[PDB]
Amino acid sequence: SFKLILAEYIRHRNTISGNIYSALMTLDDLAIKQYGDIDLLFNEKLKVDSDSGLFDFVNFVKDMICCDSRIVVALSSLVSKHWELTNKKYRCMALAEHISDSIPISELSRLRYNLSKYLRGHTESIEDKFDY
Amino acid sequence: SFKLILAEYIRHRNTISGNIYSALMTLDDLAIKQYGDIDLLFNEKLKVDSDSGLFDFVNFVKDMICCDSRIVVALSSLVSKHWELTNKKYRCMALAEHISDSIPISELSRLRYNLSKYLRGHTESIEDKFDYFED
Ligand code: NA
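So the sequence lines, in the order shown, correspond to chains C and D.
Here the first sequence stands for residues 90 to 221, where the numbers follow the authors' numbering.
Here the second sequence stands for residues 90 to 224, where the numbers follow the authors' numbering.
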């Protein structure tokens, strides 16, 4: 159910509406802090517009999921938006189902916990604490 | 473009017609010899209907992308067909562009070499030989 929220967000980042999705867009800031220029990362490093762009993107994020799903969710939604804006919506659909399905349960719970805290106004940002 | 012909075949195996494509369908027999019942490979071993089916399929064939495009092309086309028939056409399109572009130029030329021979009636089946310069 939270999986499905994540999938929906990644799949439809470009047009989607609702508070929970606006919340998730605040994760962009983490990706920007981490990589600096996202366009450069997408266009020059990963070549996301190439014929292998979907697979090269997933290969880039595959190990960092268990490090920080916040980053992977942010990057996946941004590349999905990029692909939708270049008529590769099919890649958005393929990415969303696989990223959402591949976040391990520990990391999924962690993301849900920190998002919940943000959504109730307990925290300024979506943090990375574990609910022990 | 030969590459684009392969992409078209994989993308649209379920509905595509034409001499080049019916020829590529003869490669199924290679896949069936290699792996046996394709349905079992797809449904039980690879679980291609799962949310990660696309990526699990690509991972399964990735070792052959470089060295045996006959089998990779056949299996990709067959799983594409399966996904079109189970309402996941978006997977057909993601698969076709990636597989077609990930086959090395030398293996491309090889497939083209053997396919042309088949289509010209010089061989009974689509072989796996190299021309003088790649052998
Ligand atoms: Na020939």
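C-beta atoms are modelled at their ideal positions from N, C-alpha and C, and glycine is treated no differently.
Does the beta-carbon of residue i have 16 or more other beta-carbons within 10 angstroms, so that it is buried, or is it exposed?
i                 : result
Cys155 of chain C : exposed
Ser111 of chain D : exposed
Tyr221 of chain C : exposed
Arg209 of chain C : exposed
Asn203 of chain C : buried
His211 of chain C : exposed
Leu129 of chain D : exposed
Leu135 of chain D : buried
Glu196 of chain D : buried
Starting from the C-beta of residue i, find all residues in its chain whose C-beta is less than 7 Å away, skip the five residues before and the five after it, and write them out in chain order.
i                 : result
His171 of chain D : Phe131 and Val137
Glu186 of chain C : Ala96
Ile127 of chain D : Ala120, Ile121 and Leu167
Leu116 of chain C : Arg159, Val162, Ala163 and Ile215
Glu223 of chain D : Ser195, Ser198 and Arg199
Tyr207 of chain C : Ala112, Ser214 and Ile215
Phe149 of chain C : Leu135
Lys151 of chain C : none
By Cβ distance below 6 Å, which residues in the same chain neighbour residue i in space, the five residues on each side in sequence not counted?
i                 : result
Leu200 of chain C : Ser158
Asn103 of chain D : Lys170 and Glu173
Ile94 of chain C  : none
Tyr124 of chain C : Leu130
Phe91 of chain C  : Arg201
Excluding the 5 residues flanking residue i on each side, which residues of the same chain have their C-beta closer than 8 Å to its C-beta?
i                 : result
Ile99 of chain C  : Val162, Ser165, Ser166, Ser169, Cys181, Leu184, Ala185, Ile188 and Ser189
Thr175 of chain D : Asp138
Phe219 of chain D : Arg199 and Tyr202
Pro193 of chain C : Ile154 and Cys155
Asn108 of chain D : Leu208
>> Strictly closer than 7 Å from CB to any heavy atom of the ligand NA: give me those residues in the order they appear in the chain.
In response: D:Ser205, D:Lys206, D:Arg209 and D:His211
> Does the segment 135-142 of chain D come within contact of the segment 131-147 of chain C, defined as at least 3 CB pairs closer than 8 Å?
Replying inline: no
> So does the segment 111-127 of chain D actually touch the segment 177-193 of chain D, counting three or more Cβ pairs closer than 8 Å?
Replying inline: no
> What are the complete alpha helix (DSSP H) segments, minimum 4 residues, inside the segment 133-204 of chain C?
Replying inline: 142-150, 158-173 and 178-191
> Hey, which unbroken runs of the beta strand (DSSP E) at 3 residues or more fall wholly within the segment 108-135 of chain C?
Replying inline: none
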